[PDB]
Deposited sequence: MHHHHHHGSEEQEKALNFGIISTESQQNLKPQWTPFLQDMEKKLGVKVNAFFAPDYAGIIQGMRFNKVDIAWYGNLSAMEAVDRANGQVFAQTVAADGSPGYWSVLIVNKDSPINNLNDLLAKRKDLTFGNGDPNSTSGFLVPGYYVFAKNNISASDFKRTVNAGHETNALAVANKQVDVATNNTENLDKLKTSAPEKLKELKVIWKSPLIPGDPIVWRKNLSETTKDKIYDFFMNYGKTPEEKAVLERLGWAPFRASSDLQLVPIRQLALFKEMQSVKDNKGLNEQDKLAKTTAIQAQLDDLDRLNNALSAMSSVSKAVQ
C-alpha cells in the first residue's frame, strides 16, 4: 500500500524536492510502505486533497491546518521545531532594497500607486497575519493597490527581488530558504514590517487512517532525528526533531482569524458580533486553562 504526503507550495517543486525527497525516502525506509510527495499550486490543493483522501498526511501552516481540521477531517499530531530554537516564526512585508517604501506609513500613503503581492489565501504568514495587523487594523484593503496578486512565498520573494512587484508578504522561514535557493536574490530584499510571533507549523493527518497506520506515522515523527543522517535531513528543512502536538496549538490562529472577522464586521449591536465574541471567550478561557495546568501523568495502569 501507499501513503500520500502533502507538501504546501511554500516554494517551487524544484526547490522543495532536495529538502523533502530524502525525508520521504526515510519515511519509506522506516515505515515499510511506499511514500509519495503530493504537491499543488496553492495550499487549497492540499486541503481539498486531504478532504478527498488523496493526501494522508501533510505539512501545513497553522491556517491551512485549521481549515483541514474544520473542512477536511484533519487532526494535528506533531509540530515542527525551528532548528535555532526560535519559539516560532514571523510574517513580513518586503520591498526591494532600492524602494523608497520604508515602512507601513509609506505603504499606506502610496498604496493606490503600488503593486502588491498578497499571499496564498490559506497562508498564515502570507495572508491572515498581514491581513489583520497591516490591513484590517488600518482599515485599508488589498483591493486598494494598483495591482494585487495572491502568490506563494518564493514567488512573492522572487518578484520583489526582480523588481517585478512593489511590495509583498512573506515570512522569516522562507527568507532563510531563499538564502539557499537564490542567495543573490535574498540580497535584493528589505524587510519593512514584521508581525508578532507565529507558532511552528503542524503536521496533520486524516483521522480515518487506520490505527496501525496512525501508530507507525506517530512513532516515526517522534523518533526521527537521532542518527547523524536524519539530523542532517532535519537541518536542511530548518528543523530540529518534531514535538508532539494537538489541535490545541491552533488556538491563537483561531483567535487571530476571529479578531479579523470582527474588525470586518464592525466596519460593515449585531448578532454576528456576539457569535464571534462567544467564540473569543471560549478561546480566552482555554488559554487561561493551558497556562494554569500543573502536571499530567499517565493514569497508572
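Missing from the model, by position in the deposited sequence, are residues 1 to 13, 282 to 288.
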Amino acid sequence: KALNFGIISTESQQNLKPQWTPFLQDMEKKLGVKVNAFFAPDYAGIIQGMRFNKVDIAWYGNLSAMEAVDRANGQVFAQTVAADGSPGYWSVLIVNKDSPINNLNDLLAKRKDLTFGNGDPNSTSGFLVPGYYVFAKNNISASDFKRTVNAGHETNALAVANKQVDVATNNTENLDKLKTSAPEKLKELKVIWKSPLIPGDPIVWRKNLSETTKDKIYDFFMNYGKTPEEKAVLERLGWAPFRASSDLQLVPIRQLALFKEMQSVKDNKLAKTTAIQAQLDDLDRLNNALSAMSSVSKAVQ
From here on, numbers count along this sequence of modelled residues.
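When the two stretches 87 to 95 and 144 to 152 are set side by side, the higher mean Cα temperature factor goes to 144 to 152. Averaged over CA atoms, B-factors in the entry run higher in 132 to 140 than in the other of 187 to 195 and 132 to 140.
Of the candidates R243, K54, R254, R236, the PDB record gives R236 the highest C-alpha temperature factor. By the numbers in the PDB entry, the CA B factor is greatest at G225 among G74, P202, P121, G225. Sort the chain's modelled residues by C-alpha temperature factor and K231 lands in the highest third, per the entry. When all modelled residues of the chain are sorted by CA temperature factor, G45 is found within the middle third. Ranked by Cα temperature factor within the chain, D26 sits in the middle third according to the deposited record. Ranked by C-alpha B-factor against the other modelled residues of its chain, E67 falls in the middle third. Sorting the modelled residues of the chain by their CA temperature factor places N170 in the lowest third.
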